[PDB]
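For reference, protein10.txt is printed below; it contains compact mmCIF, C-alpha atoms and all ligand atoms.
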# COMPACT_ATOMS: atom_id res chain seq x y z
CA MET A 1 -163.57 37.96 141.77
CA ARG A 2 -159.93 37.96 142.86
CA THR A 3 -159.07 39.20 146.33
CA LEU A 4 -155.78 40.41 147.70
CA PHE A 5 -155.59 40.35 151.49
CA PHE A 6 -153.57 43.06 153.25
CA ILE A 7 -152.69 42.18 156.80
CA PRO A 8 -151.27 45.04 158.99
CA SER A 9 -148.81 43.43 161.39
CA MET A 10 -146.37 44.28 164.16
CA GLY A 11 -143.79 41.96 162.55
CA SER A 12 -145.23 38.53 163.33
CA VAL A 13 -148.27 36.44 162.47
CA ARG A 14 -150.01 34.17 165.02
CA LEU A 15 -150.38 30.50 164.08
CA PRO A 16 -154.15 30.47 163.79
CA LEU A 17 -153.92 33.15 161.04
CA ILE A 18 -151.13 31.24 159.25
CA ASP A 19 -153.43 28.22 159.23
CA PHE A 20 -156.27 30.20 157.73
CA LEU A 21 -153.87 31.59 155.06
CA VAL A 22 -152.55 28.14 154.08
CA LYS A 23 -155.80 26.20 154.24
CA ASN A 24 -157.64 28.73 152.09
CA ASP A 25 -154.93 29.40 149.46
CA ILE A 26 -155.07 33.11 150.29
CA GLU A 27 -153.10 35.70 148.32
CA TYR A 28 -151.77 38.38 150.64
CA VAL A 29 -149.36 41.03 151.64
CA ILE A 30 -148.44 41.06 155.29
CA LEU A 31 -147.33 44.60 156.08
CA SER A 32 -144.33 45.15 158.34
CA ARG A 33 -144.59 47.53 161.19
CA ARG A 34 -144.69 51.24 160.38
CA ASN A 35 -145.32 54.40 162.41
CA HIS A 36 -149.03 53.71 162.61
CA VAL A 37 -151.63 51.36 161.13
CA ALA A 38 -152.96 54.19 158.95
CA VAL A 39 -149.59 54.34 157.21
CA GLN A 40 -149.76 50.59 156.58
CA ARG A 41 -153.27 50.92 155.16
CA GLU A 42 -152.17 53.67 152.79
CA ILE A 43 -149.23 51.56 151.59
CA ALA A 44 -151.72 48.71 151.05
CA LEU A 45 -153.98 50.97 148.90
CA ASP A 46 -150.98 52.11 146.82
CA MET A 47 -149.79 48.57 146.18
CA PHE A 48 -153.33 47.28 145.48
CA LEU A 49 -154.15 49.94 142.91
CA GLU A 50 -151.09 48.97 140.85
CA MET A 51 -151.91 45.24 141.02
CA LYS A 52 -154.67 45.19 138.35
CA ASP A 53 -155.37 41.45 138.51
CA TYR A 54 -156.94 41.95 141.90
CA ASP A 55 -160.54 43.17 142.04
CA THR A 56 -160.96 43.40 145.79
CA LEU A 57 -158.75 44.69 148.58
CA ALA A 58 -159.47 42.74 151.75
CA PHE A 59 -158.10 44.18 155.02
CA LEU A 60 -157.60 41.56 157.71
CA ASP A 61 -156.03 42.53 161.03
CA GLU A 62 -153.32 40.09 162.07
CA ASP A 63 -155.40 39.15 165.16
CA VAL A 64 -158.58 38.48 163.17
CA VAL A 65 -159.07 34.91 161.87
CA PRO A 66 -162.03 34.22 159.65
CA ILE A 67 -164.19 31.24 160.41
CA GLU A 68 -165.88 31.22 157.07
CA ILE A 69 -165.95 33.53 154.14
CA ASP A 70 -168.67 33.07 151.55
CA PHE A 71 -166.81 34.91 148.75
CA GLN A 72 -169.77 34.60 146.44
CA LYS A 73 -171.96 36.48 148.95
CA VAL A 74 -169.31 39.19 149.18
CA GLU A 75 -169.10 39.34 145.37
CA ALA A 76 -172.89 39.43 145.12
CA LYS A 77 -173.00 42.53 147.35
CA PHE A 78 -170.41 44.34 145.18
CA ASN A 79 -172.39 43.37 142.02
CA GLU A 80 -175.49 44.85 143.66
CA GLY A 81 -173.60 48.12 144.06
CA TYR A 82 -172.05 48.05 147.48
CA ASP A 83 -168.55 49.49 147.83
CA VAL A 84 -167.49 47.80 151.06
CA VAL A 85 -168.54 44.52 152.64
CA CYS A 86 -167.86 44.13 156.42
CA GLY A 87 -167.36 41.00 158.48
CA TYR A 88 -167.99 40.39 162.14
CA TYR A 89 -165.75 39.89 165.08
CA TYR A 90 -166.13 40.96 168.71
CA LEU A 91 -163.95 43.91 169.68
CA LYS A 92 -161.13 43.50 172.22
CA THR A 93 -162.27 46.86 173.57
CA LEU A 94 -165.33 44.84 174.64
CA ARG A 95 -167.52 47.60 173.23
CA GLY A 96 -169.43 45.36 170.78
CA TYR A 97 -168.95 43.97 167.27
CA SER A 98 -166.70 45.34 164.56
CA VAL A 99 -169.47 47.11 162.60
CA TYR A 100 -171.42 50.24 163.47
CA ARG A 101 -174.43 52.33 162.63
CA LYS A 102 -174.94 54.78 165.52
CA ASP A 103 -172.53 52.80 167.68
CA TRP A 104 -170.66 49.45 167.68
CA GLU A 105 -173.35 46.85 167.08
CA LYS A 106 -174.45 44.67 169.98
CA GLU A 107 -175.72 41.83 167.78
CA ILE A 108 -174.89 40.26 164.37
CA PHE A 109 -177.17 41.04 161.43
CA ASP A 110 -177.23 41.23 157.64
CA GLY A 111 -177.80 44.80 156.64
CA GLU A 112 -176.49 48.14 155.50
CA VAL A 113 -174.19 49.83 158.06
CA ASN A 114 -172.17 53.11 158.34
CA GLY A 115 -168.78 51.44 158.73
CA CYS A 116 -166.52 49.02 160.56
CA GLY A 117 -162.96 48.89 162.08
CA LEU A 118 -161.16 47.85 158.86
CA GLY A 119 -160.12 44.55 160.40
CA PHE A 120 -162.26 42.22 158.27
CA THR A 121 -163.32 44.25 155.36
CA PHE A 122 -163.59 43.85 151.59
CA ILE A 123 -163.35 46.92 149.38
CA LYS A 124 -163.94 46.94 145.65
CA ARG A 125 -161.50 48.40 143.16
CA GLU A 126 -164.09 50.59 141.48
CA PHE A 127 -164.61 52.48 144.72
CA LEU A 128 -160.91 52.78 145.58
CA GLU A 129 -160.02 54.02 142.10
CA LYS A 130 -162.39 56.94 142.59
CA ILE A 131 -161.58 58.05 146.12
CA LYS A 132 -159.40 60.99 146.96
CA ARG A 133 -155.86 59.83 147.88
CA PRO A 134 -154.32 59.57 150.40
CA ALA A 135 -157.35 57.70 151.90
CA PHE A 136 -156.57 56.68 155.52
CA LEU A 137 -155.82 59.20 158.23
CA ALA A 138 -155.64 58.89 162.01
CA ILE A 139 -159.90 58.84 166.26
CA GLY A 140 -158.83 56.10 163.89
CA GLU A 141 -158.44 55.81 160.18
CA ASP A 142 -161.48 53.50 160.24
CA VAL A 143 -164.06 56.16 161.27
CA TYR A 144 -162.18 58.67 159.12
CA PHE A 145 -162.33 56.38 156.06
CA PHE A 146 -166.08 55.85 156.35
CA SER A 147 -166.99 59.37 157.47
CA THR A 148 -164.93 60.98 154.74
CA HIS A 149 -165.45 58.68 151.76
CA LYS A 150 -168.98 57.43 152.56
CA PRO A 151 -168.81 54.05 150.80
CA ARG A 152 -172.05 52.15 150.35
CA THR A 153 -171.39 49.58 153.07
CA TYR A 154 -173.04 46.20 153.93
CA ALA A 155 -172.39 43.89 156.90
CA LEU A 156 -172.82 40.14 156.20
CA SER A 157 -173.68 37.85 159.07
CA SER A 158 -172.05 35.06 157.03
CA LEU A 159 -168.66 36.70 157.57
CA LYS A 160 -167.48 35.73 161.02
CA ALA A 161 -164.06 35.66 162.63
CA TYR A 162 -162.26 35.00 165.91
CA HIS A 163 -160.46 37.98 167.49
CA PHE A 164 -157.33 36.66 169.10
CA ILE A 165 -156.06 38.09 172.35
CA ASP A 166 -152.86 36.13 172.55
CA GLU A 167 -151.54 33.45 170.21
CA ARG A 168 -154.13 30.90 171.41
CA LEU A 169 -157.07 32.56 173.17
CA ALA A 170 -159.72 34.37 171.19
CA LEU A 171 -163.08 36.04 171.43
CA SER A 172 -165.48 34.08 169.31
CA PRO A 173 -168.35 35.66 167.41
CA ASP A 174 -170.76 34.12 170.02
CA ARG A 175 -168.99 36.27 172.68
CA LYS A 176 -167.25 33.33 174.29
CA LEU A 177 -163.57 32.73 174.77
CA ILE A 178 -162.09 29.88 172.70
CA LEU A 179 -158.64 28.31 172.62
CA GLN A 180 -156.84 27.19 169.46
CA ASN A 181 -153.50 25.49 170.11
CA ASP A 182 -153.02 23.26 167.10
CA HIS A 183 -149.83 22.97 165.05
CA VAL A 184 -149.92 24.40 161.56
CA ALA A 185 -148.85 22.32 158.58
CA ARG A 186 -148.16 22.99 154.95
CA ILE A 187 -147.39 19.56 153.55
CA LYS A 188 -147.84 18.68 149.91
CA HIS A 189 -146.60 15.05 149.94
CA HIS A 190 -148.06 13.11 152.87
CA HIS A 191 -149.02 10.12 150.71
CA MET B 1 -134.21 14.29 148.98
CA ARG B 2 -137.44 15.60 150.50
CA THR B 3 -137.24 17.68 153.65
CA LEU B 4 -139.91 18.43 156.20
CA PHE B 5 -139.16 21.48 158.35
CA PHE B 6 -140.32 21.47 161.97
CA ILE B 7 -140.39 24.90 163.52
CA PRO B 8 -140.85 25.06 167.35
CA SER B 9 -142.82 28.23 168.06
CA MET B 10 -144.37 30.19 170.91
CA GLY B 11 -147.53 30.66 168.81
CA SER B 12 -146.39 33.17 166.20
CA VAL B 13 -143.95 33.39 163.32
CA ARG B 14 -141.92 36.54 162.54
CA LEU B 15 -142.25 37.99 159.03
CA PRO B 16 -138.71 37.30 157.91
CA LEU B 17 -139.28 33.55 158.51
CA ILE B 18 -142.65 33.65 156.69
CA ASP B 19 -140.82 35.18 153.74
CA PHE B 20 -138.21 32.44 153.74
CA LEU B 21 -141.01 29.80 153.91
CA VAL B 22 -142.95 31.29 150.98
CA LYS B 23 -140.04 32.18 148.73
CA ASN B 24 -138.49 28.73 149.05
CA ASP B 25 -141.66 26.60 148.76
CA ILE B 26 -140.85 24.99 152.11
CA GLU B 27 -142.92 22.11 153.51
CA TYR B 28 -143.28 22.48 157.27
CA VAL B 29 -145.01 21.95 160.51
CA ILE B 30 -144.98 24.93 162.84
CA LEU B 31 -145.41 23.54 166.34
CA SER B 32 -147.66 25.35 168.79
CA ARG B 33 -146.41 26.12 172.22
CA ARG B 34 -146.05 23.22 174.65
CA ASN B 35 -144.55 22.82 178.12
CA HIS B 36 -141.02 22.93 176.77
CA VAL B 37 -139.19 22.87 173.44
CA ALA B 38 -138.10 19.28 174.10
CA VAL B 39 -141.75 18.24 174.07
CA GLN B 40 -142.22 20.00 170.72
CA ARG B 41 -139.15 18.24 169.31
CA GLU B 42 -140.45 14.85 170.40
CA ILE B 43 -143.84 15.55 168.79
CA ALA B 44 -141.94 16.55 165.63
CA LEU B 45 -140.02 13.20 165.62
CA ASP B 46 -143.27 11.25 166.09
CA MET B 47 -145.02 13.05 163.24
CA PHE B 48 -141.95 12.84 160.95
CA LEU B 49 -141.48 9.10 161.38
CA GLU B 50 -145.05 8.45 160.21
CA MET B 51 -144.69 10.74 157.18
CA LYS B 52 -142.70 8.33 154.93
CA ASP B 53 -142.46 10.64 151.92
CA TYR B 54 -140.04 12.80 153.83
CA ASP B 55 -136.40 11.72 153.98
CA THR B 56 -135.04 14.48 156.18
CA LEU B 57 -136.31 16.16 159.32
CA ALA B 58 -135.07 19.74 159.41
CA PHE B 59 -135.39 21.61 162.73
CA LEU B 60 -135.53 25.38 162.32
CA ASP B 61 -136.09 27.59 165.35
CA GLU B 62 -138.73 30.22 164.70
CA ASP B 63 -136.09 32.96 165.19
CA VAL B 64 -133.61 31.41 162.75
CA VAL B 65 -133.91 32.49 159.09
CA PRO B 66 -131.70 30.80 156.55
CA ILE B 67 -129.81 32.93 154.10
CA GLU B 68 -129.03 30.11 151.77
CA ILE B 69 -129.39 26.40 151.91
CA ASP B 70 -127.48 24.30 149.40
CA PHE B 71 -129.74 21.22 149.73
CA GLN B 72 -127.51 19.22 147.44
CA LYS B 73 -124.55 19.78 149.80
CA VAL B 74 -126.70 18.65 152.72
CA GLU B 75 -127.83 15.59 150.72
CA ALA B 76 -124.24 14.87 149.71
CA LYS B 77 -123.19 14.72 153.38
CA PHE B 78 -126.00 12.25 154.22
CA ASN B 79 -125.00 10.11 151.18
CA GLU B 80 -121.43 10.11 152.50
CA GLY B 81 -122.73 8.68 155.76
CA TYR B 82 -123.38 11.60 158.03
CA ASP B 83 -126.48 11.44 160.23
CA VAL B 84 -126.90 15.14 161.00
CA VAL B 85 -125.91 18.23 159.06
CA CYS B 86 -125.67 21.53 161.05
CA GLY B 87 -126.03 25.11 159.89
CA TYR B 88 -124.59 28.27 161.32
CA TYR B 89 -126.07 31.16 163.15
CA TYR B 90 -124.67 33.32 165.96
CA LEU B 91 -126.16 32.57 169.37
CA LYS B 92 -128.28 35.16 171.18
CA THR B 93 -126.44 34.04 174.31
CA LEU B 94 -123.48 35.73 172.57
CA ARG B 95 -121.38 32.67 173.39
CA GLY B 96 -120.44 31.87 169.77
CA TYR B 97 -121.95 30.01 166.81
CA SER B 98 -124.61 27.33 166.91
CA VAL B 99 -122.22 24.37 166.50
CA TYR B 100 -119.74 22.92 168.96
CA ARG B 101 -116.79 20.61 169.38
CA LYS B 102 -115.28 21.34 172.82
CA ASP B 103 -117.31 24.54 173.08
CA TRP B 104 -119.52 26.80 170.91
CA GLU B 105 -117.41 27.57 167.86
CA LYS B 106 -115.90 31.03 167.53
CA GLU B 107 -115.58 30.86 163.72
CA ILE B 108 -117.42 29.24 160.77
CA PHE B 109 -115.86 26.17 159.15
CA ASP B 110 -116.73 23.07 157.13
CA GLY B 111 -115.98 20.06 159.23
CA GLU B 112 -117.11 17.29 161.54
CA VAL B 113 -118.47 18.57 164.89
CA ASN B 114 -119.93 17.06 168.12
CA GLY B 115 -123.30 18.79 167.87
CA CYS B 116 -125.32 21.99 167.58
CA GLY B 117 -128.37 23.70 169.22
CA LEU B 118 -131.04 22.02 167.03
CA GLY B 119 -132.07 25.37 165.56
CA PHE B 120 -130.83 24.84 162.00
CA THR B 121 -130.28 21.19 161.68
CA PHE B 122 -131.01 18.44 159.16
CA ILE B 123 -131.41 14.87 160.38
CA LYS B 124 -131.76 11.85 158.14
CA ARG B 125 -134.55 9.32 158.48
CA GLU B 126 -132.21 6.34 158.60
CA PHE B 127 -130.67 7.68 161.80
CA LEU B 128 -133.97 8.63 163.44
CA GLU B 129 -135.54 5.26 162.67
CA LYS B 130 -132.77 3.58 164.65
CA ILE B 131 -132.53 5.78 167.72
CA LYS B 132 -134.04 4.93 171.05
CA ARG B 133 -137.36 6.80 171.53
CA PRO B 134 -138.25 9.13 173.14
CA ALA B 135 -135.20 11.07 171.77
CA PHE B 136 -135.18 14.62 173.22
CA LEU B 137 -134.90 15.32 176.92
CA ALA B 138 -134.17 18.50 178.86
CA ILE B 139 -129.03 21.34 180.17
CA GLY B 140 -130.99 21.27 176.94
CA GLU B 141 -132.33 18.58 174.71
CA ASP B 142 -129.68 19.64 172.17
CA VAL B 143 -126.61 18.52 174.19
CA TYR B 144 -128.64 15.54 175.43
CA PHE B 145 -129.55 14.51 171.86
CA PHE B 146 -125.94 14.59 170.66
CA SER B 147 -124.34 13.22 173.84
CA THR B 148 -126.80 10.36 174.07
CA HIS B 149 -127.33 9.35 170.44
CA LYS B 150 -123.89 10.30 169.04
CA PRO B 151 -124.92 10.98 165.43
CA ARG B 152 -122.16 11.37 162.88
CA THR B 153 -122.43 15.14 162.56
CA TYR B 154 -121.05 17.67 159.98
CA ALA B 155 -121.23 21.48 160.01
CA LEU B 156 -121.46 23.15 156.56
CA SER B 157 -120.21 26.69 156.18
CA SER B 158 -122.63 26.98 153.24
CA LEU B 159 -125.55 26.83 155.67
CA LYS B 160 -125.94 30.27 157.15
CA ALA B 161 -128.84 32.01 158.86
CA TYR B 162 -129.83 35.21 160.66
CA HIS B 163 -130.79 34.88 164.33
CA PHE B 164 -133.57 37.33 165.00
CA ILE B 165 -133.79 39.18 168.27
CA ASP B 166 -137.07 40.92 167.64
CA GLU B 167 -139.25 40.87 164.54
CA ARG B 168 -136.78 43.03 162.57
CA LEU B 169 -133.32 43.04 164.14
CA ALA B 170 -131.03 40.06 163.78
CA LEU B 171 -127.54 38.82 164.39
CA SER B 172 -126.01 38.04 161.06
CA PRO B 173 -123.52 35.23 160.51
CA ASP B 174 -120.75 37.91 160.18
CA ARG B 175 -121.52 38.92 163.80
CA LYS B 176 -123.16 42.19 162.84
CA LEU B 177 -126.65 43.38 163.56
CA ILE B 178 -128.94 43.67 160.51
CA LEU B 179 -132.47 44.99 160.10
CA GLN B 180 -135.13 43.41 157.87
CA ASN B 181 -138.39 45.37 157.74
CA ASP B 182 -139.88 44.42 154.40
CA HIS B 183 -143.48 43.38 153.80
CA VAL B 184 -144.09 39.76 152.93
CA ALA B 185 -146.11 38.81 149.88
CA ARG B 186 -147.60 35.64 148.52
CA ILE B 187 -149.11 36.71 145.22
CA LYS B 188 -149.70 34.33 142.36
CA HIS B 189 -151.33 36.71 139.83
CA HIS B 190 -149.44 40.01 139.61
CA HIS B 191 -149.43 40.00 135.79
NI NI C 201 -146.01 13.70 146.20
NI NI C 202 -152.99 34.66 136.80
Could you spell out this file's structure in structure tokens?
Amino acid sequence: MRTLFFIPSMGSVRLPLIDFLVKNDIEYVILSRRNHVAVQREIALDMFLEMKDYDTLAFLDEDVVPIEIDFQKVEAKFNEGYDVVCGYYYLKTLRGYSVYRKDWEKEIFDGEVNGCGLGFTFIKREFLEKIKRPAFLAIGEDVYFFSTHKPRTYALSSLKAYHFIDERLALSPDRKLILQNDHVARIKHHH
Amino acid sequence: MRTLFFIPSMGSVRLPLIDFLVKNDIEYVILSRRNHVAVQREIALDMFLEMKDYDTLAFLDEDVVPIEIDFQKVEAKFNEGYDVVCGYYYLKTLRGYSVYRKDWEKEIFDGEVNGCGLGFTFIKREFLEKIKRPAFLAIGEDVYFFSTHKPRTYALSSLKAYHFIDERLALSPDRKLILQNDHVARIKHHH
């Protein structure tokens, strides 16, 4: 499985996300600011669909920094017939976690869900090639996407991320505040 | 010649600089926020001196985005016995260009200068291994560095950069405002 990350930005990327991108050899498109995030997500879908080497479109909000991604567990869920695999981070709205059934979840679990906020979310090509386009419309384009297109959706507890508030302080998946203030290096020849 | 870029940041990097970093296969350390830029520059010097595979410490401010770098012209100047090679961008203070003799220069030229603002600046190891440490102290650590350590310093007109004001709008080296609002991609498999 080959994944292309699309990161909606406001024109910059915080260091902790740069570090994740470098350390994990991630392939991505960081989207410059547009009128609204829904417009960026539609652009992402358009670009993704043309880029046939990529099997999975991963949306990652610029303030969401994965702790670990078990890509084989994500791939396993798609193979089993899920359309969308959701990861967990705590919302900056303080309303709960980034996945929902009847409401934003209060606790992390592995299970089928109704949707998520599109901030840490893997979507398979097969599903996206079938959906009516344009696909994201803005409540948000997140509830719209799920309510309208009804993907078979699974939340993995093994997908966890920090949700950064500023460049250094983040909400951790254990609902604590953490601080990450390290430098970020891309060095190929420190022998 | 192998160059390690040190980029003092406030915890994020604007897209246009990410694009420069990716497109040009740059090796770097982006420095997280500290008390003051002088502290970041000293940390940079300490790290650089230990990393013996790197011949040149390049400082690049996070809001400075090179247009072109002729690395062979930089290397040529070091071979000729310069210690520091300075590039040009227009200051956001609007006072002139980033290099000075008696004052900030009003026009771009190839020639020996007294110093620059340390925002687009290549410094050779030989010089840095000789200087009294600690080396940067904050007027700024830029005038201090040059006034105190008196490197043999050359400004190359072939080193030009944009000086970004926000994430998209920049002062160009021709003293005009330009806008860069493209997405930034790192994609290895668009076949
Ligand atoms: Ni090497
Ligand atoms: Ni390939």
Residues of chain A near chain B: apply a cut-off of 10 Å, count all atoms listed in the file, and supply the list as a PyMOL selection string. chain A and resi 2+4-19+21+25-34+40+50-54+166-168+180-191
Separation of atom CA of residue 164 of chain A and atom CA of residue 92 of chain A, in Å? 8.4 Å
Å distance separating atom CA of residue 125 of chain B from atom CA of residue 71 of chain B, one decimal place: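 It comes out at 15.5 Å.
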Using all atoms listed in the file, what residues lie at most 12 Å away from (-124.9, 10.4, 175.5) (file coordinates), given as a PyMOL selection string? chain B and resi 114-115+131-132+135-137+141-151
Quick one: 3 Å padding each side, axis-aligned, all listed atoms of segment 186-189 of chain B - centre and edge lengths in Å to one decimal, as JSON?
{"center_x": -149.5, "center_y": 35.5, "center_z": 144.2, "size_x": 9.7, "size_y": 8.4, "size_z": 14.7}
Counting all atoms listed in the file, which residues sit no farther than 8 Å from the position (-124.1, 29.9, 165.2) in the file's frame? I'd like them as an MDAnalysis selection string. chainID B and resid 87:91 96:99 104:105 173
To one decimal place, how far is atom CA of residue 47 of chain A from atom CA of residue 60 of chain A in Å?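 The value is 15.6 Å.
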Residues within 7 Å of segment 108-111 of chain A, all atoms listed in the file, excluding chain neighbours under 2 positions, as JSON, numbers by chain: {"A": [113, 154, 155, 156, 157]}
